[PDB]
Every structure is written in structure tokens, then in C-alpha cells.
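S.K.: This is the content of coords.pdb (PDB, C-alpha atoms):
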```
MODEL        1
ATOM      1  CA  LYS L 962      29.357   9.331  71.485
ATOM      2  CA  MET L 963      26.531   9.574  68.962
ATOM      3  CA  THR L 964      26.344   6.019  67.624
ATOM      4  CA  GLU L 965      25.845   2.521  69.010
ATOM      5  CA  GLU L 966      29.290   1.611  67.652
ATOM      6  CA  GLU L 967      31.039   4.496  69.416
ATOM      7  CA  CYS L 968      29.278   3.840  72.741
ATOM      8  CA  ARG L 969      31.624   1.055  73.809
ATOM      9  CA  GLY L 970      34.315   0.945  76.448
ATOM     10  CA  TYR L 971      34.611   3.065  79.564
ATOM     11  CA  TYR L 972      34.557   6.769  80.353
ATOM     12  CA  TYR L 973      34.979   9.039  83.362
ATOM     13  CA  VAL L 974      32.300  10.730  85.433
ATOM     14  CA  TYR L 975      33.257  13.695  87.603
ATOM     15  CA  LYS L 976      31.620  13.977  91.020
ATOM     16  CA  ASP L 977      30.247  17.461  91.725
ATOM     17  CA  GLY L 978      31.866  18.524  88.459
ATOM     18  CA  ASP L 979      35.356  18.386  89.957
ATOM     19  CA  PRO L 980      37.967  17.535  87.289
ATOM     20  CA  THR L 981      40.271  15.976  89.916
ATOM     21  CA  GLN L 982      37.683  13.504  91.269
ATOM     22  CA  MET L 983      36.648  11.026  88.585
ATOM     23  CA  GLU L 984      35.367   7.462  88.420
ATOM     24  CA  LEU L 985      35.253   4.851  85.674
ATOM     25  CA  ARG L 986      31.889   3.895  84.213
ATOM     26  CA  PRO L 987      31.218   1.486  81.329
ATOM     27  CA  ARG L 988      29.322   3.289  78.595
ATOM     28  CA  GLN L 989      26.219   1.646  77.176
ATOM     29  CA  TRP L 990      23.754   2.462  74.401
ATOM     30  CA  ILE L 991      20.559   3.093  76.372
ATOM     31  CA  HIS L 992      16.993   3.360  75.103
ATOM     32  CA  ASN L 993      14.529   5.710  76.719
ATOM     33  CA  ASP L 994      11.889   4.044  78.851
ATOM     34  CA  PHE L 995       8.995   5.936  77.229
ATOM     35  CA  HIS L 996       9.642   6.143  73.491
ATOM     36  CA  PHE L 997       7.854   6.447  70.130
ATOM     37  CA  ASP L 998       8.934   3.346  68.227
ATOM     38  CA  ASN L 999       5.497   1.806  67.592
ATOM     39  CA  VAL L1000       1.942   3.015  68.158
ATOM     40  CA  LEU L1001       1.719   1.031  71.396
ATOM     41  CA  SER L1002       4.835   2.655  72.842
ATOM     42  CA  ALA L1003       3.770   6.007  71.408
ATOM     43  CA  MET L1004       0.365   5.620  73.046
ATOM     44  CA  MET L1005       1.953   4.722  76.380
ATOM     45  CA  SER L1006       4.242   7.763  76.169
ATOM     46  CA  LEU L1007       1.340  10.046  75.312
ATOM     47  CA  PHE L1008      -0.642   8.530  78.185
ATOM     48  CA  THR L1009       2.099   9.499  80.620
TER      49      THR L1009
ATOM     50  CA  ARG K 146      45.089 -11.767  73.646
ATOM     51  CA  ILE K 147      48.560 -13.050  74.487
ATOM     52  CA  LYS K 148      49.561 -14.509  77.852
ATOM     53  CA  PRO K 149      53.303 -13.815  78.174
ATOM     54  CA  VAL K 150      55.768 -15.607  80.431
ATOM     55  CA  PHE K 151      57.295 -12.547  82.161
ATOM     56  CA  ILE K 152      60.733 -13.554  83.373
ATOM     57  CA  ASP K 153      62.314 -11.083  85.785
ATOM     58  CA  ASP K 154      65.172  -8.952  84.494
ATOM     59  CA  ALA K 155      67.738  -6.413  85.580
ATOM     60  CA  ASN K 156      67.970  -2.940  84.002
ATOM     61  CA  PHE K 157      64.218  -3.046  84.578
ATOM     62  CA  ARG K 158      63.321  -3.658  88.200
ATOM     63  CA  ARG K 159      60.174  -5.425  86.976
ATOM     64  CA  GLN K 160      59.151  -8.595  85.178
ATOM     65  CA  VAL K 161      59.723  -8.306  81.435
ATOM     66  CA  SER K 162      59.096 -10.446  78.344
ATOM     67  CA  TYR K 163      61.515 -10.167  75.423
ATOM     68  CA  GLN K 164      59.280 -12.210  73.107
ATOM     69  CA  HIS K 165      56.793  -9.553  71.961
ATOM     70  CA  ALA K 166      55.809  -5.922  72.426
ATOM     71  CA  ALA K 167      53.198  -4.646  74.862
ATOM     72  CA  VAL K 168      50.435  -2.234  73.892
ATOM     73  CA  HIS K 169      48.908   0.517  76.018
ATOM     74  CA  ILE K 170      45.586   2.072  75.015
ATOM     75  CA  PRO K 171      44.188   4.967  77.082
ATOM     76  CA  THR K 172      41.346   4.037  79.385
ATOM     77  CA  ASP K 173      38.603   5.966  77.578
ATOM     78  CA  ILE K 174      39.681   4.816  74.100
ATOM     79  CA  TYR K 175      37.775   1.706  73.062
ATOM     80  CA  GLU K 176      40.055  -1.082  71.878
ATOM     81  CA  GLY K 177      38.113  -2.551  68.988
ATOM     82  CA  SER K 178      37.541   0.518  66.839
ATOM     83  CA  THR K 179      38.472   0.309  63.192
ATOM     84  CA  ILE K 180      40.963   3.117  63.775
ATOM     85  CA  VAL K 181      42.586   1.205  66.635
ATOM     86  CA  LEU K 182      42.435  -2.253  65.068
ATOM     87  CA  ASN K 183      44.000  -0.862  61.901
ATOM     88  CA  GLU K 184      46.892   0.410  64.038
ATOM     89  CA  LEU K 185      47.498  -2.813  65.964
ATOM     90  CA  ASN K 186      47.728  -4.489  62.554
ATOM     91  CA  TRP K 187      50.511  -2.550  60.853
ATOM     92  CA  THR K 188      52.324  -1.769  64.100
ATOM     93  CA  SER K 189      52.674  -5.537  64.500
ATOM     94  CA  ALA K 190      55.765  -5.423  62.270
ATOM     95  CA  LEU K 191      57.773  -3.263  64.668
ATOM     96  CA  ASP K 192      58.270  -6.247  66.977
ATOM     97  CA  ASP K 193      61.048  -7.791  64.890
ATOM     98  CA  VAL K 194      62.882  -4.463  64.715
ATOM     99  CA  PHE K 195      62.472  -4.006  68.468
ATOM    100  CA  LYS K 196      64.038  -7.444  68.909
ATOM    101  CA  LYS K 197      66.880  -6.691  66.495
ATOM    102  CA  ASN K 198      67.701  -3.377  68.171
ATOM    103  CA  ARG K 199      67.718  -5.107  71.549
ATOM    104  CA  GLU K 200      69.936  -7.988  70.440
ATOM    105  CA  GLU K 201      72.473  -5.758  68.681
ATOM    106  CA  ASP K 202      73.006  -3.703  71.874
ATOM    107  CA  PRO K 203      71.608  -5.497  74.951
ATOM    108  CA  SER K 204      72.157  -2.362  77.079
ATOM    109  CA  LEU K 205      68.998  -0.870  75.574
ATOM    110  CA  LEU K 206      66.036   0.245  77.696
ATOM    111  CA  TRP K 207      62.402   0.835  76.614
ATOM    112  CA  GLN K 208      61.716   1.357  72.926
ATOM    113  CA  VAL K 209      58.319   2.897  72.250
ATOM    114  CA  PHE K 210      56.153   3.914  69.320
ATOM    115  CA  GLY K 211      53.547   6.442  70.410
ATOM    116  CA  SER K 212      50.699   6.708  67.949
ATOM    117  CA  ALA K 213      48.624   9.717  66.997
ATOM    118  CA  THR K 214      45.605   7.556  67.875
ATOM    119  CA  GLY K 215      46.600   7.011  71.513
ATOM    120  CA  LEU K 216      48.354   3.648  71.230
ATOM    121  CA  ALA K 217      51.772   3.078  72.777
ATOM    122  CA  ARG K 218      53.612  -0.028  71.597
ATOM    123  CA  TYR K 219      56.737  -0.638  73.656
ATOM    124  CA  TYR K 220      59.426  -3.287  73.997
ATOM    125  CA  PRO K 221      60.158  -5.335  76.000
ATOM    126  CA  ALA K 222      56.695  -6.303  77.208
ATOM    127  CA  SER K 223      55.814  -5.461  80.793
ATOM    128  CA  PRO K 224      52.491  -4.998  82.606
ATOM    129  CA  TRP K 225      51.452  -1.395  83.134
ATOM    130  CA  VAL K 226      51.758   0.110  86.600
ATOM    131  CA  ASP K 227      48.029   0.906  86.854
ATOM    132  CA  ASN K 228      45.218  -1.210  85.513
ATOM    133  CA  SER K 229      42.201   1.052  85.176
ATOM    134  CA  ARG K 230      39.466  -0.721  87.146
ATOM    135  CA  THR K 231      40.954  -4.140  87.918
ATOM    136  CA  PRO K 232      42.206  -2.418  91.077
ATOM    137  CA  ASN K 233      40.427   0.762  92.180
ATOM    138  CA  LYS K 234      43.194   3.162  91.074
ATOM    139  CA  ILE K 235      42.603   4.284  87.490
ATOM    140  CA  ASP K 236      45.355   5.472  85.166
ATOM    141  CA  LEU K 237      45.388   8.683  83.137
ATOM    142  CA  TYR K 238      48.198   8.234  80.626
ATOM    143  CA  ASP K 239      47.912   9.527  77.077
ATOM    144  CA  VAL K 240      50.971   9.210  74.863
ATOM    145  CA  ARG K 241      50.052  12.474  73.182
TER     146      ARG K 241
ATOM    147  CA  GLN M 530      67.344  13.676  92.929
ATOM    148  CA  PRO M 531      64.567  11.411  91.624
ATOM    149  CA  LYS M 532      61.966  13.661  93.207
ATOM    150  CA  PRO M 533      59.869  16.205  91.296
ATOM    151  CA  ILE M 534      60.645  19.908  91.382
ATOM    152  CA  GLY M 535      58.461  21.703  93.902
ATOM    153  CA  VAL M 536      56.757  25.035  93.280
ATOM    154  CA  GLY M 537      55.399  27.163  96.098
ATOM    155  CA  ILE M 538      54.036  25.861  99.387
ATOM    156  CA  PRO M 539      51.651  22.874  99.234
ATOM    157  CA  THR M 540      48.116  23.432 100.498
ATOM    158  CA  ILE M 541      45.638  20.572 100.876
ATOM    159  CA  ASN M 542      42.000  20.665 101.930
ATOM    160  CA  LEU M 543      40.777  17.755 104.038
ATOM    161  CA  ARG M 544      37.107  18.783 104.150
ATOM    162  CA  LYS M 545      36.684  18.502 100.362
ATOM    163  CA  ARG M 546      38.254  15.169  99.358
ATOM    164  CA  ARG M 547      36.210  12.034  98.739
ATOM    165  CA  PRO M 548      37.897   8.782  99.817
ATOM    166  CA  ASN M 549      38.008   6.852  96.523
ATOM    167  CA  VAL M 550      38.242   9.420  93.716
ATOM    168  CA  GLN M 551      41.771   8.756  92.317
ATOM    169  CA  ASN M 552      43.296  12.236  92.149
ATOM    170  CA  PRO M 553      45.857  12.871  89.379
ATOM    171  CA  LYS M 554      49.477  12.998  90.483
ATOM    172  CA  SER M 555      51.923  14.781  88.131
ATOM    173  CA  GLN M 556      53.462  14.777  84.657
ATOM    174  CA  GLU M 557      56.285  17.289  84.756
ATOM    175  CA  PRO M 558      60.010  16.841  84.116
ATOM    176  CA  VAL M 559      62.758  17.315  86.691
ATOM    177  CA  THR M 560      64.240  20.554  85.365
ATOM    178  CA  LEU M 561      66.734  21.764  87.974
ATOM    179  CA  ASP M 562      68.932  24.657  86.891
ATOM    180  CA  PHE M 563      72.680  24.556  87.404
ATOM    181  CA  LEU M 564      72.542  27.629  89.639
ATOM    182  CA  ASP M 565      69.892  26.000  91.855
ATOM    183  CA  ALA M 566      71.888  22.802  92.422
ATOM    184  CA  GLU M 567      74.984  24.488  93.899
ATOM    185  CA  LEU M 568      75.778  27.765  95.597
ATOM    186  CA  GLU M 569      75.885  30.707  93.206
ATOM    187  CA  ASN M 570      78.881  33.000  92.809
ATOM    188  CA  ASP M 571      79.330  35.394  89.914
ATOM    189  CA  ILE M 572      82.075  33.146  88.550
ATOM    190  CA  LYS M 573      79.678  30.212  88.373
ATOM    191  CA  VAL M 574      77.223  32.328  86.383
ATOM    192  CA  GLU M 575      79.896  33.096  83.808
ATOM    193  CA  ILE M 576      81.059  29.463  83.702
ATOM    194  CA  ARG M 577      77.426  28.478  83.111
TER     195      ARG M 577
ATOM    196  CA  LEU H 194     -16.178  37.354  94.215
ATOM    197  CA  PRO H 195     -18.127  34.132  94.961
ATOM    198  CA  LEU H 196     -14.673  32.557  95.457
ATOM    199  CA  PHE H 197     -13.992  34.809  98.455
ATOM    200  CA  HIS H 198     -15.273  32.534 101.232
ATOM    201  CA  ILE H 199     -13.198  29.763  99.658
ATOM    202  CA  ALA H 200     -10.011  31.845  99.637
ATOM    203  CA  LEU H 201     -10.620  32.899 103.247
ATOM    204  CA  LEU H 202     -10.797  29.177 104.042
ATOM    205  CA  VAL H 203      -7.681  28.169 102.097
ATOM    206  CA  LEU H 204      -5.704  31.003 103.710
ATOM    207  CA  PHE H 205      -6.749  29.915 107.196
ATOM    208  CA  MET H 206      -6.095  26.225 106.528
ATOM    209  CA  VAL H 207      -2.618  27.034 105.226
ATOM    210  CA  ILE H 208      -2.011  29.172 108.320
ATOM    211  CA  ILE H 209      -3.190  26.370 110.626
ATOM    212  CA  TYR H 210      -1.080  23.658 109.005
ATOM    213  CA  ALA H 211       1.937  25.960 108.861
ATOM    214  CA  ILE H 212       1.732  26.432 112.629
ATOM    215  CA  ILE H 213       1.180  22.718 113.255
ATOM    216  CA  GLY H 214       4.260  21.879 111.194
ATOM    217  CA  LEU H 215       6.203  24.639 112.913
ATOM    218  CA  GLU H 216       5.332  23.084 116.266
ATOM    219  CA  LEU H 217       6.073  19.486 115.246
ATOM    220  CA  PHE H 218       9.032  19.683 112.830
ATOM    221  CA  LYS H 219      10.923  22.897 113.647
ATOM    222  CA  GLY H 220      14.628  22.125 113.535
ATOM    223  CA  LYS H 221      14.566  18.400 112.799
ATOM    224  CA  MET H 222      15.809  18.104 109.208
ATOM    225  CA  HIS H 223      19.287  19.462 109.923
ATOM    226  CA  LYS H 224      21.383  16.305 110.271
ATOM    227  CA  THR H 225      22.655  14.283 107.352
ATOM    228  CA  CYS H 226      25.395  11.764 106.769
ATOM    229  CA  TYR H 227      28.561  13.275 105.349
ATOM    230  CA  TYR H 228      31.734  11.387 104.578
ATOM    231  CA  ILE H 229      33.788  10.724 107.697
ATOM    232  CA  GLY H 230      36.079  13.716 108.115
ATOM    233  CA  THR H 231      34.664  15.660 105.158
ATOM    234  CA  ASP H 232      31.979  18.215 104.291
ATOM    235  CA  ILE H 233      30.597  16.252 101.332
ATOM    236  CA  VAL H 234      27.128  14.759 101.622
ATOM    237  CA  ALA H 235      27.180  11.021 100.913
ATOM    238  CA  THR H 236      24.401   9.930  98.562
ATOM    239  CA  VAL H 237      23.750   7.361  95.819
ATOM    240  CA  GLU H 238      23.216   7.571  92.043
ATOM    241  CA  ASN H 239      19.685   8.987  91.888
ATOM    242  CA  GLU H 240      19.163   9.699  95.587
ATOM    243  CA  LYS H 241      18.726  13.323  96.604
TER     244      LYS H 241
ENDMDL
END
```
Is it possible to express this structure as C-alpha cells?

M.R.:
Amino acid sequence: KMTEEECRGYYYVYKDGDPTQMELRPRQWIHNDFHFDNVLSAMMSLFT
Amino acid sequence: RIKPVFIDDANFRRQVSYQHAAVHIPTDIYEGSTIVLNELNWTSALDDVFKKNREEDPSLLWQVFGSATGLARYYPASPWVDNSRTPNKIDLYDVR
Amino acid sequence: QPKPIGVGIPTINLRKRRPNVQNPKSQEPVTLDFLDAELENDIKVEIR
Amino acid sequence: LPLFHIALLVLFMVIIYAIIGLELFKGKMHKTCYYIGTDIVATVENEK
């Protein structure tokens, strides 16, 4: 899901990549913890 | 949402509501899209034909419309056998 | 009978199954041939 | 070539600490908690 509007609802995750062993997970539009949105966040990212 | 009354019937060994139709949407299909909400809108007119079919021949079992978008609108209304995450057991049912 | 049609011999692994993974069950129809429901002569084949 | 007496010290320190760790930890990190009755390691989201 490539858009904040599509990333709603639930989806399945497969443990160890086994298609017969899945769990439900609510999908959420997440932001990276170190990003480049302003010069302060960009400077923090470049510091790391 | 609608909170039905769910009398218990024969010919379905489960509690059933003859007042409206129930809708199933696959677990990983968001209910709230503009493709899904545009289907729950025009499929809302099947309910009075479901009722008419059922009252002309009361011997009639499930009547279902299975959509090319994943929806399944069936009559009479009855709770699905498997809620996805309300209990632990998830359901994998696609009408397609 | 209301049971599904079986194919082969079932084989389960107990060392590779998580407790709470919700395995899929089945989706197939109960297609039982007429010659597999009764005993099979050569007159029953021609009646069929 | 001036870095030769430093390499002969790093080699010997690595050899000393390897033998200390071989004496203290040999065959200790071989248990883990699997699922009861299974051969799947039981971990958490980001835990290794």
C-alpha cells in the first residue's frame, strides 16, 4: 500500500515465511525515525 | 452499523434476521474505500428483492450477491462463522 | 456424506507447527463419482 | 614495517583472549527456549 489512504485496515504477516502460518496485524502509515523533513531533522539524520 | 435482532430459525440451524441483508468483506480489504463504499450504496437496493423472493417462496435458503470487489451481500442476515480477530481464529474467505 | 473427499494418506508434522497460527482448512467440493459410491460391475459402468 | 611489533602484539592478545574465552564459555550458549513440543525458537518482534 503506497498511500496514507490505502494503509488502513488489517493485513497478514507470515511467520518464517510460511504461507500456512499467518497472523493479523493492523496496518499503519509510519514515518521513519530519522528523516529529512526540515533542516533540524536532516541535521540529526546526518549526525547519525 | 446496524444492530439486528437475530431471531432463531429453522432451515438455518443458526440465528437469522429477515429484516435486512448481511455484508461480508474479506479481512484484508478495508471497509471504507471509495470502491467499497460505492458498492455498499447501490447494492443496498437488493434487500427488497431478497425479501420479495423469500416471501414468495418461504422454502428459500441463502441468496447471495458476490461482488468483483470482494463484497458478499447475503440474505437473510446472519453473523459470520469466524470473526477475524475478535476471537483468535481468523477467516480467509474471498467470494472470488 | 457431509465429509470432504480425501486424497492420499495424511501426514502431519508436530515439530513444525506454532500453537496460534490459524492454519487454513479446505475449500473443495464433495465430488464423489457414481462408481466410487457403490461396488463396480461392468453393467454399472454402462448404466452410468 | 614499523607496525610489526604492534601486529605481533595484536596477534598474541587475540590468541590469549581466544583461549580465555575457550576456557570460560566453551559449550554454554547451546540452550534456548523453543515452543513446547516443537523445534521452533520462540522470540519476540525485534528480538534475535

S.K.: Distance limit 10 Å, atoms considered: only C-alpha atoms. Which chain L residues sit that close to chain K? Return them as a list in words.

M.R.: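 That gives the following set of residues: residues 966, 967, 968, 969, 970, 971, 972, 973, 983, 984, 985, 986, 987 and 988 of chain L.
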
S.K.: When the ChimeraX specification (/M :<9) & /H is applied to the file above, which residues end up in the set, as a PyMOL selection string?

M.R.: chain H and resi 228+230-233

S.K.: Any chance you could resolve the ChimeraX specification (/L :<12) & /H against this file and give the residues as a list in words?

M.R.: residues 233, 234, 235, 236, 237 and 238 of chain H

S.K.: List, as a CSV table (one decimal) with C-alpha atoms, in the frame of the given file, every residue that the PyMOL selection byres ((chain K and resi 215) around 12) selects in the file provided.

M.R.:
```csv
chain,number,residue,atom,x,y,z
K,168,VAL,CA,50.4,-2.2,73.9
K,169,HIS,CA,48.9,0.5,76.0
K,170,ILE,CA,45.6,2.1,75.0
K,171,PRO,CA,44.2,5.0,77.1
K,172,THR,CA,41.3,4.0,79.4
K,173,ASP,CA,38.6,6.0,77.6
K,174,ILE,CA,39.7,4.8,74.1
K,175,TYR,CA,37.8,1.7,73.1
K,176,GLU,CA,40.1,-1.1,71.9
K,180,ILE,CA,41.0,3.1,63.8
K,181,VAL,CA,42.6,1.2,66.6
K,184,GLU,CA,46.9,0.4,64.0
K,185,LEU,CA,47.5,-2.8,66.0
K,210,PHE,CA,56.2,3.9,69.3
K,211,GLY,CA,53.5,6.4,70.4
K,212,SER,CA,50.7,6.7,67.9
K,213,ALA,CA,48.6,9.7,67.0
K,214,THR,CA,45.6,7.6,67.9
K,216,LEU,CA,48.4,3.6,71.2
K,217,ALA,CA,51.8,3.1,72.8
K,218,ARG,CA,53.6,0.0,71.6
K,237,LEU,CA,45.4,8.7,83.1
K,238,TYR,CA,48.2,8.2,80.6
K,239,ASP,CA,47.9,9.5,77.1
K,240,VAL,CA,51.0,9.2,74.9
K,241,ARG,CA,50.1,12.5,73.2
```

S.K.: Could you please tell me, as a VMD selection string, which residues of chain M have an atom within 7 Å of chain L when using all atoms listed in the file?

M.R.: chain M and resid 550 to 553

S.K.: When you draw a straight line from atom CA of residue 226 of chain H to atom CA of residue 979 of chain L, how long is it in Å?

M.R.: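 Atom CA of residue 979 of chain L lies at a distance of 20.6 Å from atom CA of residue 226 of chain H.
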
S.K.: Mind giving me the straight-line distance from atom CA of residue 532 of chain M to atom CA of residue 558 of chain M in Å, one decimal?

M.R.: 9.8 Å

S.K.: With all atoms listed in the file counted, which protein, DNA or RNA residues have an atom no more than 10 Å from (58.8, -3.9, 74.3) in the file frame? Please answer as a list in words.

M.R.: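 Answer for this query, in the requested form: residues 161, 162, 163, 164, 165, 166, 167, 168, 191, 192, 195, 196, 199, 206, 207, 208, 209, 210, 218, 219, 220, 221, 222 and 223 of chain K.
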
S.K.: Selection from above, C-alpha atoms, as a PDB file, in the frame of the given file, can you write it?

M.R.:
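The resulting selection-v1.pdb:
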```
ATOM      1  CA  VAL K 161      59.723  -8.306  81.435  1.00  0.00           C
ATOM      2  CA  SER K 162      59.096 -10.446  78.344  1.00  0.00           C
ATOM      3  CA  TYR K 163      61.515 -10.167  75.423  1.00  0.00           C
ATOM      4  CA  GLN K 164      59.280 -12.210  73.107  1.00  0.00           C
ATOM      5  CA  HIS K 165      56.793  -9.553  71.961  1.00  0.00           C
ATOM      6  CA  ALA K 166      55.809  -5.922  72.426  1.00  0.00           C
ATOM      7  CA  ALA K 167      53.198  -4.646  74.862  1.00  0.00           C
ATOM      8  CA  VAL K 168      50.435  -2.234  73.892  1.00  0.00           C
ATOM      9  CA  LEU K 191      57.773  -3.263  64.668  1.00  0.00           C
ATOM     10  CA  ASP K 192      58.270  -6.247  66.977  1.00  0.00           C
ATOM     11  CA  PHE K 195      62.472  -4.006  68.468  1.00  0.00           C
ATOM     12  CA  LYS K 196      64.038  -7.444  68.909  1.00  0.00           C
ATOM     13  CA  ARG K 199      67.718  -5.107  71.549  1.00  0.00           C
ATOM     14  CA  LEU K 206      66.036   0.245  77.696  1.00  0.00           C
ATOM     15  CA  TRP K 207      62.402   0.835  76.614  1.00  0.00           C
ATOM     16  CA  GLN K 208      61.716   1.357  72.926  1.00  0.00           C
ATOM     17  CA  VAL K 209      58.319   2.897  72.250  1.00  0.00           C
ATOM     18  CA  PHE K 210      56.153   3.914  69.320  1.00  0.00           C
ATOM     19  CA  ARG K 218      53.612  -0.028  71.597  1.00  0.00           C
ATOM     20  CA  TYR K 219      56.737  -0.638  73.656  1.00  0.00           C
ATOM     21  CA  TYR K 220      59.426  -3.287  73.997  1.00  0.00           C
ATOM     22  CA  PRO K 221      60.158  -5.335  76.000  1.00  0.00           C
ATOM     23  CA  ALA K 222      56.695  -6.303  77.208  1.00  0.00           C
ATOM     24  CA  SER K 223      55.814  -5.461  80.793  1.00  0.00           C
TER      25      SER K 223
END
```

S.K.: Suppose you want the space between atom CA of residue 992 of chain L and atom CA of residue 978 of chain L; what is it in Å?

M.R.: 25.1 Å

S.K.: For segment 220-225 of chain K, what centre and edge lengths in Å (one decimal) does the axis-aligned box get once 6 Å is added on each side of all its listed atoms, as AutoDock Vina command-line options?

M.R.:
```
--center_x 55.8 --center_y -3.8 --center_z 78.6 --size_x 20.7 --size_y 16.9 --size_z 21.1
```

S.K.: In terms of the shortest atom-to-atom distance over only C-alpha atoms, which of M:541, M:549, M:577, M:533 is closest to residue 564 of chain M?

M.R.: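 Answer, going by the shortest atom-to-atom distance: M:577.
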
S.K.: Pick from M:561, M:572, M:556, M:567: nearest to chain K, with all atoms listed in the file counted?

M.R.: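 Once distances to chain K are computed over all atoms listed in the file, the minimum belongs to M:556.
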